[PDB]
>>> print(open('my_file.cif').read())   # mmCIF, C-alpha atoms and all ligand atoms
data_work
loop_
_atom_site.label_atom_id
_atom_site.label_comp_id
_atom_site.auth_asym_id
_atom_site.auth_seq_id
_atom_site.Cartn_x
_atom_site.Cartn_y
_atom_site.Cartn_z
CA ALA L 11 -70.47 -22.52 -65.27
CA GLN L 12 -72.37 -20.37 -62.70
CA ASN L 13 -75.77 -21.59 -61.30
CA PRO L 14 -75.70 -24.93 -63.15
CA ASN L 15 -78.89 -26.23 -61.39
CA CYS L 16 -80.75 -23.04 -62.71
CA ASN L 17 -82.03 -21.98 -59.30
CA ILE L 18 -83.90 -18.70 -58.86
CA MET L 19 -81.42 -16.24 -57.34
CA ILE L 20 -82.28 -13.36 -54.98
CA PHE L 21 -80.20 -10.18 -55.00
CA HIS L 22 -79.77 -7.43 -52.40
CA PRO L 23 -78.03 -4.47 -54.17
CA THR L 24 -76.70 -1.60 -52.10
CA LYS L 25 -77.77 1.93 -52.88
CA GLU L 26 -74.56 2.41 -54.87
CA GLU L 27 -75.11 -0.79 -56.82
CA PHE L 28 -78.69 0.39 -57.58
CA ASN L 29 -77.47 3.39 -59.61
CA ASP L 30 -76.68 1.74 -62.88
CA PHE L 31 -79.44 -0.64 -64.09
CA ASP L 32 -77.59 -2.18 -67.06
CA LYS L 33 -74.47 -2.82 -65.02
CA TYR L 34 -76.45 -4.64 -62.27
CA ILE L 35 -78.34 -6.83 -64.82
CA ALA L 36 -74.98 -7.80 -66.29
CA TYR L 37 -73.65 -8.51 -62.77
CA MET L 38 -76.59 -10.82 -62.04
CA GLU L 39 -75.91 -12.67 -65.27
CA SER L 40 -72.21 -13.01 -64.37
CA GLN L 41 -73.47 -15.01 -61.36
CA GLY L 42 -75.71 -17.20 -63.53
CA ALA L 43 -79.06 -15.62 -62.63
CA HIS L 44 -80.42 -15.89 -66.14
CA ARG L 45 -80.12 -19.61 -66.17
CA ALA L 46 -83.27 -19.83 -63.94
CA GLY L 47 -85.34 -17.61 -66.27
CA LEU L 48 -86.36 -15.38 -63.32
CA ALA L 49 -84.54 -13.45 -60.51
CA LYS L 50 -85.74 -11.50 -57.49
CA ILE L 51 -84.22 -8.11 -56.62
CA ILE L 52 -84.86 -6.62 -53.14
CA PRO L 53 -84.17 -2.83 -53.33
CA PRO L 54 -81.93 -1.16 -50.81
CA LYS L 55 -83.70 0.00 -47.71
CA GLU L 56 -82.94 3.70 -48.70
CA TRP L 57 -85.09 3.35 -51.85
CA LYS L 58 -88.76 3.91 -52.52
CA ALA L 59 -90.93 3.86 -55.67
CA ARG L 60 -93.11 6.79 -54.56
CA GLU L 61 -94.16 8.44 -51.26
CA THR L 62 -97.56 6.78 -50.71
CA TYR L 63 -100.30 4.75 -52.40
CA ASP L 64 -103.05 6.82 -50.85
CA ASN L 65 -103.98 8.62 -54.02
CA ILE L 66 -104.54 5.81 -56.65
CA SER L 67 -108.26 5.08 -56.38
CA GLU L 68 -109.28 7.23 -59.28
CA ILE L 69 -107.15 5.41 -61.90
CA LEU L 70 -109.57 3.84 -64.42
CA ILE L 71 -109.54 0.24 -65.46
CA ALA L 72 -111.27 0.71 -68.85
CA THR L 73 -111.69 -2.98 -69.70
CA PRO L 74 -111.55 -5.32 -66.65
CA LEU L 75 -111.22 -8.92 -67.80
CA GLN L 76 -113.10 -11.90 -66.25
CA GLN L 77 -110.83 -14.92 -66.53
CA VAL L 78 -113.04 -17.93 -67.33
CA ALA L 79 -111.42 -21.39 -67.27
CA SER L 80 -112.07 -24.57 -69.32
CA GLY L 81 -110.42 -27.97 -68.70
CA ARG L 82 -109.27 -29.84 -65.62
CA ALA L 83 -107.79 -28.43 -62.43
CA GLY L 84 -104.13 -28.95 -63.42
CA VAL L 85 -104.50 -28.44 -67.25
CA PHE L 86 -106.77 -25.65 -68.39
CA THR L 87 -107.17 -22.69 -70.69
CA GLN L 88 -108.63 -19.33 -69.80
CA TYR L 89 -110.46 -16.79 -71.91
CA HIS L 90 -110.94 -13.20 -71.06
CA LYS L 91 -114.48 -11.85 -70.96
CA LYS L 92 -114.67 -8.05 -71.16
CA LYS L 93 -116.50 -6.25 -68.33
CA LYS L 94 -117.67 -2.67 -67.79
CA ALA L 95 -115.15 -0.04 -66.71
CA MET L 96 -114.42 0.58 -63.10
CA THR L 97 -112.03 2.64 -61.03
CA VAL L 98 -109.19 1.16 -58.94
CA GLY L 99 -111.26 2.07 -55.80
CA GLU L 100 -114.21 0.12 -57.16
CA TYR L 101 -112.00 -2.81 -58.15
CA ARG L 102 -110.35 -2.93 -54.74
CA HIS L 103 -113.78 -3.13 -53.07
CA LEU L 104 -114.75 -5.92 -55.48
CA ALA L 105 -111.55 -7.86 -54.81
CA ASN L 106 -112.24 -7.65 -50.99
CA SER L 107 -115.93 -8.75 -51.34
CA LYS L 108 -117.00 -12.15 -50.09
CA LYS L 109 -117.29 -13.51 -53.68
CA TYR L 110 -113.66 -12.67 -54.57
CA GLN L 111 -111.61 -12.29 -51.40
CA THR L 112 -108.67 -14.51 -50.50
CA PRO L 113 -109.81 -17.47 -48.31
CA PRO L 114 -108.51 -18.23 -44.92
CA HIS L 115 -105.26 -20.08 -45.19
CA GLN L 116 -102.19 -21.18 -43.15
CA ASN L 117 -99.27 -20.03 -45.28
CA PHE L 118 -98.19 -19.49 -48.94
CA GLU L 119 -98.03 -23.28 -49.51
CA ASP L 120 -101.62 -23.86 -48.34
CA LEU L 121 -102.77 -21.01 -50.55
CA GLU L 122 -100.90 -22.50 -53.53
CA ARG L 123 -102.68 -25.86 -52.88
CA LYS L 124 -106.05 -24.09 -52.77
CA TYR L 125 -105.28 -22.18 -55.99
CA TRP L 126 -104.47 -25.39 -57.97
CA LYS L 127 -107.37 -27.31 -56.49
CA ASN L 128 -110.02 -24.64 -56.96
CA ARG L 129 -109.02 -22.05 -59.56
CA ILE L 130 -111.09 -23.48 -62.40
CA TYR L 131 -114.30 -23.19 -60.40
CA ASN L 132 -114.20 -19.46 -60.15
CA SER L 133 -113.74 -16.52 -62.64
CA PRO L 134 -111.72 -13.72 -61.06
CA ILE L 135 -111.56 -10.25 -62.63
CA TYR L 136 -108.13 -8.83 -63.69
CA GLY L 137 -107.14 -5.26 -64.65
CA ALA L 138 -104.36 -5.88 -67.17
CA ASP L 139 -102.15 -4.09 -69.54
CA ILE L 140 -103.13 -0.57 -68.44
CA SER L 141 -100.60 1.93 -69.93
CA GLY L 142 -99.19 4.02 -67.15
CA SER L 143 -96.81 4.26 -64.18
CA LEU L 144 -96.83 4.62 -60.39
CA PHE L 145 -93.15 5.59 -60.03
CA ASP L 146 -92.58 9.11 -58.82
CA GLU L 147 -90.77 11.22 -61.36
CA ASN L 148 -88.13 11.94 -58.75
CA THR L 149 -87.27 8.27 -58.20
CA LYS L 150 -84.02 8.06 -60.11
CA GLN L 151 -83.03 4.39 -59.62
CA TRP L 152 -84.94 1.50 -61.20
CA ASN L 153 -87.76 3.70 -62.34
CA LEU L 154 -89.59 1.53 -64.88
CA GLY L 155 -90.76 4.57 -66.90
CA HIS L 156 -87.07 5.75 -67.38
CA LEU L 157 -85.32 2.78 -68.52
CA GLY L 158 -83.39 2.73 -71.86
CA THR L 159 -85.77 1.88 -74.71
CA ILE L 160 -85.57 -1.34 -76.73
CA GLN L 161 -85.52 0.71 -79.93
CA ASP L 162 -82.42 2.53 -78.70
CA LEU L 163 -80.77 -0.78 -77.75
CA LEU L 164 -81.40 -2.26 -81.22
CA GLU L 165 -80.00 0.90 -82.75
CA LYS L 166 -76.89 0.83 -80.52
CA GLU L 167 -76.21 -2.87 -81.26
CA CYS L 168 -77.17 -3.16 -84.91
CA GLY L 169 -76.90 0.43 -86.25
CA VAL L 170 -80.42 0.89 -87.61
CA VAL L 171 -82.84 3.52 -86.22
CA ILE L 172 -86.40 2.24 -85.92
CA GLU L 173 -89.83 3.68 -85.04
CA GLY L 174 -91.62 2.72 -81.84
CA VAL L 175 -91.83 3.44 -78.21
CA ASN L 176 -91.51 1.36 -75.03
CA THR L 177 -93.75 2.31 -72.02
CA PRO L 178 -94.82 0.56 -68.77
CA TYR L 179 -98.06 -1.11 -67.89
CA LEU L 180 -100.04 -1.53 -64.66
CA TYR L 181 -101.72 -4.74 -63.48
CA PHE L 182 -104.44 -4.71 -60.82
CA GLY L 183 -105.04 -8.22 -59.43
CA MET L 184 -107.20 -10.15 -57.04
CA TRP L 185 -107.22 -13.67 -55.59
CA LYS L 186 -106.89 -16.30 -58.33
CA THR L 187 -106.08 -13.85 -61.13
CA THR L 188 -103.74 -15.74 -63.40
CA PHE L 189 -100.99 -15.19 -65.89
CA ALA L 190 -100.67 -18.06 -68.34
CA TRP L 191 -97.51 -19.80 -69.49
CA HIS L 192 -95.57 -17.53 -71.89
CA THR L 193 -92.32 -15.90 -72.80
CA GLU L 194 -92.19 -12.14 -73.53
CA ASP L 195 -92.90 -10.73 -76.98
CA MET L 196 -89.78 -11.37 -79.15
CA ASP L 197 -88.31 -13.26 -76.13
CA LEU L 198 -87.43 -9.90 -74.43
CA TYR L 199 -86.62 -9.41 -70.78
CA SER L 200 -89.25 -8.08 -68.46
CA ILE L 201 -89.05 -6.28 -65.13
CA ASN L 202 -91.99 -6.33 -62.75
CA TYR L 203 -92.38 -4.28 -59.57
CA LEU L 204 -95.07 -5.22 -57.03
CA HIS L 205 -96.17 -1.75 -55.79
CA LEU L 206 -98.70 -2.76 -53.16
CA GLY L 207 -100.92 -5.40 -51.76
CA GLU L 208 -100.88 -9.13 -51.66
CA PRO L 209 -98.18 -11.41 -53.12
CA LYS L 210 -97.75 -12.90 -56.57
CA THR L 211 -96.53 -16.53 -57.00
CA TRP L 212 -94.37 -17.29 -60.03
CA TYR L 213 -93.42 -20.45 -61.85
CA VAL L 214 -90.56 -20.49 -64.38
CA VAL L 215 -88.78 -22.93 -66.75
CA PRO L 216 -85.02 -22.39 -67.37
CA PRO L 217 -84.39 -20.95 -70.87
CA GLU L 218 -82.19 -23.87 -71.75
CA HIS L 219 -85.19 -26.17 -71.20
CA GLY L 220 -87.91 -24.10 -72.79
CA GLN L 221 -88.51 -26.55 -75.66
CA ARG L 222 -89.41 -29.26 -73.08
CA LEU L 223 -92.25 -27.08 -71.91
CA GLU L 224 -93.35 -26.40 -75.52
CA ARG L 225 -93.43 -30.13 -76.29
CA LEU L 226 -95.59 -30.85 -73.22
CA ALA L 227 -97.88 -27.99 -74.08
CA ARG L 228 -98.42 -29.39 -77.60
CA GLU L 229 -99.36 -32.74 -76.03
CA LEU L 230 -101.75 -31.22 -73.44
CA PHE L 231 -103.43 -28.73 -75.74
CA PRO L 232 -103.61 -30.66 -78.96
CA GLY L 233 -106.31 -28.61 -80.79
CA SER L 234 -104.63 -25.29 -79.85
CA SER L 235 -101.33 -26.64 -81.12
CA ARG L 236 -102.81 -27.60 -84.47
CA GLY L 237 -104.17 -24.09 -84.77
CA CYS L 238 -100.86 -22.25 -84.19
CA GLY L 239 -97.23 -23.39 -84.08
CA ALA L 240 -96.66 -20.70 -81.39
CA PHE L 241 -99.92 -20.93 -79.45
CA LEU L 242 -98.32 -20.16 -76.11
CA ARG L 243 -98.06 -16.65 -77.51
CA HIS L 244 -101.84 -16.48 -77.04
CA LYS L 245 -101.30 -16.47 -73.34
CA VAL L 246 -104.19 -18.77 -72.41
CA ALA L 247 -102.67 -22.15 -71.25
CA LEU L 248 -102.11 -23.21 -67.64
CA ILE L 249 -100.29 -26.31 -66.42
CA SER L 250 -99.88 -27.00 -62.69
CA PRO L 251 -96.65 -27.76 -60.87
CA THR L 252 -97.93 -31.26 -60.14
CA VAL L 253 -98.41 -31.92 -63.87
CA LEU L 254 -95.05 -30.45 -64.72
CA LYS L 255 -93.34 -32.71 -62.11
CA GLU L 256 -95.25 -35.78 -63.44
CA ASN L 257 -93.87 -35.00 -66.87
CA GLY L 258 -90.31 -34.34 -65.74
CA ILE L 259 -90.28 -30.66 -66.78
CA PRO L 260 -87.56 -28.64 -65.00
CA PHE L 261 -89.03 -25.59 -63.21
CA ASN L 262 -88.86 -23.42 -60.10
CA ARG L 263 -91.22 -21.40 -58.02
CA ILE L 264 -91.00 -18.24 -55.92
CA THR L 265 -93.39 -15.76 -54.28
CA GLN L 266 -92.90 -11.98 -54.84
CA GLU L 267 -94.03 -9.59 -52.14
CA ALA L 268 -94.81 -5.88 -52.23
CA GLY L 269 -91.69 -3.80 -52.62
CA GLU L 270 -89.79 -6.44 -54.61
CA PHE L 271 -88.70 -6.57 -58.27
CA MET L 272 -88.72 -9.65 -60.50
CA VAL L 273 -86.73 -9.88 -63.72
CA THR L 274 -87.65 -12.40 -66.41
CA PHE L 275 -84.87 -13.34 -68.82
CA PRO L 276 -85.03 -14.01 -72.56
CA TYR L 277 -86.91 -17.23 -73.39
CA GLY L 278 -87.78 -17.89 -69.69
CA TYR L 279 -91.33 -19.32 -69.75
CA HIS L 280 -93.32 -18.15 -66.76
CA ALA L 281 -96.83 -18.35 -65.23
CA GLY L 282 -98.42 -17.48 -61.90
CA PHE L 283 -101.22 -16.09 -59.80
CA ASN L 284 -102.07 -13.30 -57.39
CA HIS L 285 -102.90 -13.93 -53.71
CA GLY L 286 -105.32 -11.05 -53.28
CA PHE L 287 -105.78 -7.39 -54.24
CA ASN L 288 -102.48 -6.02 -55.57
CA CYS L 289 -100.94 -3.66 -58.11
CA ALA L 290 -97.86 -4.42 -60.25
CA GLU L 291 -96.01 -2.44 -62.90
CA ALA L 292 -94.06 -4.12 -65.69
CA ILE L 293 -92.12 -3.26 -68.85
CA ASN L 294 -90.03 -5.09 -71.41
CA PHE L 295 -86.38 -4.28 -71.87
CA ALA L 296 -83.35 -5.47 -73.80
CA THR L 297 -79.58 -5.84 -73.35
CA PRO L 298 -76.88 -6.82 -75.88
CA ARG L 299 -77.38 -10.50 -74.90
CA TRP L 300 -81.04 -10.33 -75.99
CA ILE L 301 -80.35 -9.72 -79.72
CA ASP L 302 -79.58 -13.35 -80.50
CA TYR L 303 -82.77 -14.45 -78.74
CA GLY L 304 -84.83 -11.91 -80.63
CA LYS L 305 -83.56 -13.24 -83.96
CA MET L 306 -84.72 -16.79 -83.05
CA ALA L 307 -88.03 -15.99 -81.27
CA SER L 308 -91.11 -17.85 -82.47
CA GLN L 309 -93.93 -16.02 -83.77
CA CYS L 310 -97.78 -16.37 -83.84
CA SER L 311 -99.02 -15.76 -87.44
CA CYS L 312 -102.60 -17.28 -86.88
CA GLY L 313 -104.28 -14.00 -85.96
CA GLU L 314 -104.80 -14.57 -82.24
CA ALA L 315 -101.81 -13.07 -80.41
CA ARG L 316 -102.24 -9.46 -81.87
CA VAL L 317 -99.47 -7.27 -80.39
CA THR L 318 -98.08 -3.76 -79.91
CA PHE L 319 -97.20 -1.47 -82.78
CA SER L 320 -93.54 -1.57 -81.76
CA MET L 321 -93.14 -5.35 -82.50
CA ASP L 322 -93.32 -4.65 -86.22
CA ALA L 323 -89.86 -3.19 -86.43
CA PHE L 324 -88.32 -5.93 -84.30
CA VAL L 325 -89.68 -8.62 -86.71
CA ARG L 326 -88.80 -6.58 -89.73
CA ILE L 327 -85.12 -6.07 -88.80
CA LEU L 328 -84.32 -9.20 -86.85
CA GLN L 329 -86.52 -11.73 -88.74
CA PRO L 330 -86.89 -10.47 -92.36
CA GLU L 331 -87.75 -13.93 -93.74
CA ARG L 332 -90.72 -14.24 -91.35
CA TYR L 333 -91.89 -10.69 -91.67
CA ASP L 334 -94.38 -11.00 -94.58
CA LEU L 335 -96.19 -14.02 -93.03
CA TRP L 336 -96.21 -12.48 -89.54
CA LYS L 337 -97.68 -9.21 -90.88
CA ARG L 338 -100.47 -11.05 -92.76
CA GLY L 339 -101.37 -12.49 -89.30
CA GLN L 340 -101.55 -8.97 -87.86
CA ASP L 341 -104.05 -7.88 -90.62
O1 LIG J 401 -97.95 -9.78 -63.11
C1 LIG J 401 -98.45 -10.25 -64.22
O2 LIG J 401 -99.75 -10.36 -64.50
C2 LIG J 401 -97.64 -10.97 -65.23
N1 LIG J 401 -96.23 -11.09 -65.04
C3 LIG J 401 -95.41 -11.12 -66.14
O3 LIG J 401 -95.72 -11.73 -67.21
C4 LIG J 401 -94.13 -10.23 -66.34
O4 LIG J 401 -93.73 -9.13 -65.72
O5 LIG J 401 -93.44 -10.66 -67.36
MG MG J 402 -106.18 8.20 -58.45
NI NI J 403 -94.50 -12.02 -68.77
ZN ZN J 404 -101.37 -17.97 -82.97
#
>>> encode(input="my_file.cif", output="structure tokens", more="lines below")
Ligand SMILES: O=C(O)CNC(=O)C(=O)O
Ligand SMILES: [Mg+2]
Ligand code: NI
Ligand SMILES: [Zn+2]
Amino acid sequence: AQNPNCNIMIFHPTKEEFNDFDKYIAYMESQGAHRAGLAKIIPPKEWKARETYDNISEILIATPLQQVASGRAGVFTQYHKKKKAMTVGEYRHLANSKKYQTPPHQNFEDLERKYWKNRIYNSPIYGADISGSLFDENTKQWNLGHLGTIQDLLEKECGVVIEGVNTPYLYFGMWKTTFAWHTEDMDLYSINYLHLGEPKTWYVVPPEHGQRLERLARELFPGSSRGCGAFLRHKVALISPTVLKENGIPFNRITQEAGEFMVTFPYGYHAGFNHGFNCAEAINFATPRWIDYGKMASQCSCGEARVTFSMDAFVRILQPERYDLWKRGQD
């Protein structure tokens, strides 16, 4: 069995190996990469996402979100307070202001310590889930706006044509901006490219151990758990590495830097934080191996999680018994 300890693997494809996305995902899996829940892919040195980042300041962040925490330093929830629109140039200036800028630190480990000690005492502002892309149209390899769609994959594997589209999203971050513990919608893969700026630290639980995380989360967030059998789908709960280690939960950590891709695998719980001003692009995708995870994915039917249009068909075809309850939650 490849990668039995479920370590995060790092890949260095050549330019030739970078030509066929599906083939390279399947290669990484043949080496056991999925067992970690997360892999890093360093593009060949011949590759670039676009020519420069000099021309992005006029992108609008229509609904910046202030991430306000409740709880204790290692076990907290965050809610997202809506703020007034601002451009990427305005947001960058904000991120670099004295109130929000990254503190002096020694190394990634010292910054991680500072994040876990101090995150709850501040409310950083995140530009999330902005539809769009920063890949140049002439980038032909690993262009996240030109991947095969999930609707086409379901059609190829199962034979049924479905409505829906699959497009990328941009994330503009600053110090302490946080992504809570979650798997992807319908336990899909994701791919995330860090276009520019400061790093992003990730935490991940192996898919084979995902239920251990869920059980701890129900214990640590007991009112949220009563509210929703799939409350991690609300994407609000944070648990520190120290708390995970105290509770014997298997996990790994890694820091992504600008110019690097991360792939999350089906049912790989993940969480993390940004080091400073940055911009990432991410999209969900599927392979033949995903279908069995999609059929078994939990769902939030309480009203909170509220998702994309395109999830309807995935529930409807893969989970017909759950569909009527899930849809009632959407309305
Ligand atoms: O960068 C982010 O805010 C969040 N990362 C992810 O959840 C991802 O690509 O799946
Ligand atoms: Mg611009
Ligand atoms: Ni994610
Ligand atoms: Zn819910």
>>> atom_distance(input="my_file.cif", atom1="atom CA of residue L:263", atom2="atom CA of residue L:295")
22.5 Å
>>> closest_residue(input="my_file.cif", among="L:287, L:86, L:241, L:126", to="residue L:101", atoms="all atoms listed in the file")
L:287
>>> axis_aligned_box(input="my_file.cif", around="stretch 197-207 of chain L", padding_each_side="8 Å", output="JSON")
{"center_x": -93.8, "center_y": -7.5, "center_z": -63.9, "size_x": 30.3, "size_y": 27.5, "size_z": 40.4}
>>> residues_near_ligand(input="my_file.cif", ligand="ligand ZN 404 (chain J)", cutoff="7 Å", atoms="all atoms listed in the file", output="PyMOL selection string")
chain L and resi 237-241+243-244+310-315
>>> residues_around(input="my_file.cif", residues="residue L:265", least_positions_apart="2", cutoff="12 Å", atoms="only C-alpha atoms", output="MDAnalysis selection string")
chainID L and resid 18 20 48:50 117:119 121:122 204 208:214 262:263 267:268 270:272 281:285
>>> closest_residue(input="my_file.cif", among="L:308, L:320, L:15, L:187", to="residue L:173", atoms="all atoms listed in the file")
L:320
>>> closest_residue(input="my_file.cif", among="L:193, L:134, L:91, L:224", to="residue L:107", atoms="all atoms listed in the file")
L:134
>>> atom_distance(input="my_file.cif", atom1="atom CA of residue L:28", atom2="atom CA of residue L:152")
7.3 Å
>>> residues_near_ligand(input="my_file.cif", ligand="ligand MG 402 (chain J)", cutoff="6 Å", atoms="all atoms listed in the file", output="PyMOL selection string")
chain L and resi 65-69
>>> atom_distance(input="my_file.cif", atom1="atom CA of residue L:171", atom2="atom CA of residue L:156")
19.4 Å
>>> closest_residue(input="my_file.cif", among="L:180, L:96, L:296, L:72", to="residue L:199", atoms="only C-alpha atoms")
L:296
>>> residues_near_ligand(input="my_file.cif", ligand="ligand NI 403 (chain J)", cutoff="9 Å", atoms="all atoms listed in the file", output="list in words")
residues 189, 190, 191, 192, 193, 194, 195, 199, 200, 201, 202, 274, 278, 279, 280, 281, 292 and 294 of chain L
>>> residues_near_point(input="my_file.cif", point="(-79.4, -4.3, -61.4)", cutoff="10 Å", atoms="all atoms listed in the file", output="list in words")
residues 21, 22, 23, 27, 28, 29, 30, 31, 32, 33, 34, 35, 36, 37, 38, 39, 51, 53, 151, 152 and 273 of chain L
>>> closest_residue(input="my_file.cif", among="L:148, L:80, L:266, L:88", to="residue L:207", atoms="all atoms listed in the file")
L:266
>>> closest_residue(input="my_file.cif", among="L:185, L:63, L:261, L:89", to="residue L:109", atoms="only C-alpha atoms")
L:185
>>> build_atoms(input="my_file.cif", residues="stretch 277-292 of chain L", atoms="N, CA, C and O atoms", output="PDB file, in the frame of the given file")
ATOM      1  N   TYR L 277     -86.496 -15.851 -73.161  1.00  0.00           N
ATOM      2  CA  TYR L 277     -86.910 -17.230 -73.390  1.00  0.00           C
ATOM      3  C   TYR L 277     -87.131 -18.003 -72.080  1.00  0.00           C
ATOM      4  O   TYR L 277     -87.172 -19.226 -72.065  1.00  0.00           O
ATOM      5  N   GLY L 278     -87.370 -17.274 -70.978  1.00  0.00           N
ATOM      6  CA  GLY L 278     -87.780 -17.890 -69.690  1.00  0.00           C
ATOM      7  C   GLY L 278     -89.289 -17.961 -69.625  1.00  0.00           C
ATOM      8  O   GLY L 278     -89.944 -16.976 -69.367  1.00  0.00           O
ATOM      9  N   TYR L 279     -89.823 -19.127 -69.886  1.00  0.00           N
ATOM     10  CA  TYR L 279     -91.330 -19.320 -69.750  1.00  0.00           C
ATOM     11  C   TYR L 279     -91.728 -19.102 -68.323  1.00  0.00           C
ATOM     12  O   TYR L 279     -91.100 -19.673 -67.404  1.00  0.00           O
ATOM     13  N   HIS L 280     -92.811 -18.401 -68.090  1.00  0.00           N
ATOM     14  CA  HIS L 280     -93.320 -18.150 -66.760  1.00  0.00           C
ATOM     15  C   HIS L 280     -94.829 -18.117 -66.724  1.00  0.00           C
ATOM     16  O   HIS L 280     -95.504 -17.827 -67.746  1.00  0.00           O
ATOM     17  N   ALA L 281     -95.394 -18.336 -65.520  1.00  0.00           N
ATOM     18  CA  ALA L 281     -96.830 -18.350 -65.230  1.00  0.00           C
ATOM     19  C   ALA L 281     -96.996 -18.053 -63.777  1.00  0.00           C
ATOM     20  O   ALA L 281     -95.988 -18.120 -63.003  1.00  0.00           O
ATOM     21  N   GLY L 282     -98.195 -17.703 -63.345  1.00  0.00           N
ATOM     22  CA  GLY L 282     -98.420 -17.480 -61.900  1.00  0.00           C
ATOM     23  C   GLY L 282     -99.779 -16.954 -61.604  1.00  0.00           C
ATOM     24  O   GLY L 282    -100.678 -16.923 -62.403  1.00  0.00           O
ATOM     25  N   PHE L 283     -99.890 -16.537 -60.327  1.00  0.00           N
ATOM     26  CA  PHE L 283    -101.220 -16.090 -59.800  1.00  0.00           C
ATOM     27  C   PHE L 283    -101.046 -15.106 -58.647  1.00  0.00           C
ATOM     28  O   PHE L 283    -100.010 -15.086 -57.956  1.00  0.00           O
ATOM     29  N   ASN L 284    -102.028 -14.301 -58.474  1.00  0.00           N
ATOM     30  CA  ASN L 284    -102.070 -13.300 -57.390  1.00  0.00           C
ATOM     31  C   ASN L 284    -102.830 -13.857 -56.161  1.00  0.00           C
ATOM     32  O   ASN L 284    -103.804 -14.603 -56.309  1.00  0.00           O
ATOM     33  N   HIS L 285    -102.331 -13.457 -55.011  1.00  0.00           N
ATOM     34  CA  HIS L 285    -102.900 -13.930 -53.710  1.00  0.00           C
ATOM     35  C   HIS L 285    -104.095 -13.177 -53.269  1.00  0.00           C
ATOM     36  O   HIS L 285    -104.885 -13.695 -52.448  1.00  0.00           O
ATOM     37  N   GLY L 286    -104.320 -11.984 -53.750  1.00  0.00           N
ATOM     38  CA  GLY L 286    -105.320 -11.050 -53.280  1.00  0.00           C
ATOM     39  C   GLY L 286    -105.166  -9.723 -53.953  1.00  0.00           C
ATOM     40  O   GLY L 286    -104.314  -9.616 -54.913  1.00  0.00           O
ATOM     41  N   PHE L 287    -105.855  -8.665 -53.539  1.00  0.00           N
ATOM     42  CA  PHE L 287    -105.780  -7.390 -54.240  1.00  0.00           C
ATOM     43  C   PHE L 287    -104.341  -6.929 -54.239  1.00  0.00           C
ATOM     44  O   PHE L 287    -103.604  -6.873 -53.230  1.00  0.00           O
ATOM     45  N   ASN L 288    -103.856  -6.558 -55.452  1.00  0.00           N
ATOM     46  CA  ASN L 288    -102.480  -6.020 -55.570  1.00  0.00           C
ATOM     47  C   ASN L 288    -102.364  -5.141 -56.819  1.00  0.00           C
ATOM     48  O   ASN L 288    -103.285  -5.073 -57.659  1.00  0.00           O
ATOM     49  N   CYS L 289    -101.236  -4.461 -56.952  1.00  0.00           N
ATOM     50  CA  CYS L 289    -100.940  -3.660 -58.110  1.00  0.00           C
ATOM     51  C   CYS L 289     -99.481  -3.844 -58.419  1.00  0.00           C
ATOM     52  O   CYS L 289     -98.606  -3.613 -57.601  1.00  0.00           O
ATOM     53  N   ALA L 290     -99.202  -4.241 -59.664  1.00  0.00           N
ATOM     54  CA  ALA L 290     -97.860  -4.420 -60.250  1.00  0.00           C
ATOM     55  C   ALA L 290     -97.649  -3.530 -61.415  1.00  0.00           C
ATOM     56  O   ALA L 290     -98.627  -3.211 -62.139  1.00  0.00           O
ATOM     57  N   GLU L 291     -96.388  -3.203 -61.715  1.00  0.00           N
ATOM     58  CA  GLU L 291     -96.010  -2.440 -62.900  1.00  0.00           C
ATOM     59  C   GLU L 291     -94.995  -3.225 -63.609  1.00  0.00           C
ATOM     60  O   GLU L 291     -94.032  -3.725 -62.950  1.00  0.00           O
ATOM     61  N   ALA L 292     -95.034  -3.329 -64.955  1.00  0.00           N
ATOM     62  CA  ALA L 292     -94.060  -4.120 -65.690  1.00  0.00           C
ATOM     63  C   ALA L 292     -93.751  -3.450 -67.026  1.00  0.00           C
ATOM     64  O   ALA L 292     -94.550  -2.676 -67.569  1.00  0.00           O
TER      65      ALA L 292
END
